[PDB]
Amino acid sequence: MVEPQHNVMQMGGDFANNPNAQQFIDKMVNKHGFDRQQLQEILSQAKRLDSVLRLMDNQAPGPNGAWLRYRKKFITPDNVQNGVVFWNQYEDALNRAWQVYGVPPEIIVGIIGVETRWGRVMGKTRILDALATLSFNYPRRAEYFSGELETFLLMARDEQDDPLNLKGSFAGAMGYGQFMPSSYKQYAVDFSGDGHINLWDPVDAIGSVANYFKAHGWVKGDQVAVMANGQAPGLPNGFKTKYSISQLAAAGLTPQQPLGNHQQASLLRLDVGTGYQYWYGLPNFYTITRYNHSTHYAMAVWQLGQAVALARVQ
């Protein structure tokens, strides 16, 4: 009946003679009470995906219209129209997310839109393959991904999912909002109320994105960014920059909208082909970058959300 298989200490597959996989199994058994043989069966099926390693390497750390090209990948009639459909379909969850977390529908709709086109593109790679590959055959970020794999397996166990059935991005991101295992653990919420946190349930995803935003400092009703009149070619730009409003004014900029009580801001510069468009980046813009560290990403999420909000009014 019961087969302990104590003598089966060697697994097959792509990670068969991998020291990192062996150490990982030992950690899961010692730290979390996993059964070595059960874990060996799972990992013997895990695949080493060279494409994952190559993409992770390809992303390792004008005016020619850079922003225009990025923007048009997300802000198109088809995308905006689909965003309207998603918003209307899940309006109750979105409104409830606004009330509980203070994060507006346009922001959540923009995030889910840029991330997966509202569930249309959620990834085709088995999460286990991606995470095992990055944990066992990628020294540069082996520690970060081993932590993600550990959390992934714990998530599967708790939510009673088969670790091998879940698919997502090349980095192991999952569902509507493309949450990493660590984000599921720290920020995902059962917004649908059925007692289970499912990253593939749009209602849960909506609440999880909102909670993620509030946890990262989103200020309800605060401005995201304000476009500037003027140019500031001398000053370095990017979402990580920081200047007092006085410095920016001295550099030749004026806000198109009142900045209120804000005394500092980041200097954002968008390449609009004919020249540059400067913006005063406010705290909420930086909060968007906490989801994906990119000025273009944050601006696309925000503007996509605004475009959908407007298409809804019509």
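Numbers for residues come from their place in the sequence shown, where the first is 1.
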Legend entry - residue 61 dropped from a third or more of the other entries of this protein: yes
Legend entry - Absent coordinates between residue 61 and residue 62 - deposited residues affected, binned into four classes: 4 to 9
Inset, instruction - Higher average CA B factor in the deposited record is what I'm after, so tell me if that's 155-163 or 109-117. - result: 155-163
Inset, instruction - Would you mind comparing 91-99 and 198-206 for me and telling me which has the higher average C-alpha temperature factor in the entry? - result: 91-99
Inset, instruction - Go through 247, 289, 44, 266 one by one and give the residue whose Cα B-factor in the PDB entry is largest. - result: 247
Inset, instruction - Please rank the C-alpha B-factors of the chain's modelled residues and tell me whether residue 282 sits in the lowest, middle or highest third. - result: lowest
Inset, instruction - Quick one: classify residue 168 as lowest, middle or highest third of the chain based on its Cα B-factor. - result: lowest
Legend entry - Chain third (lowest, middle, highest) by recorded CA B-factor, residue given as residue 76: middle
Inset, instruction - Would you mind ranking residue 139 by its C-alpha B-factor against the rest of the chain and naming the third, lowest, middle or highest? - result: middle
Legend entry - Third of chain Cα B-factors occupied by residue 235: highest
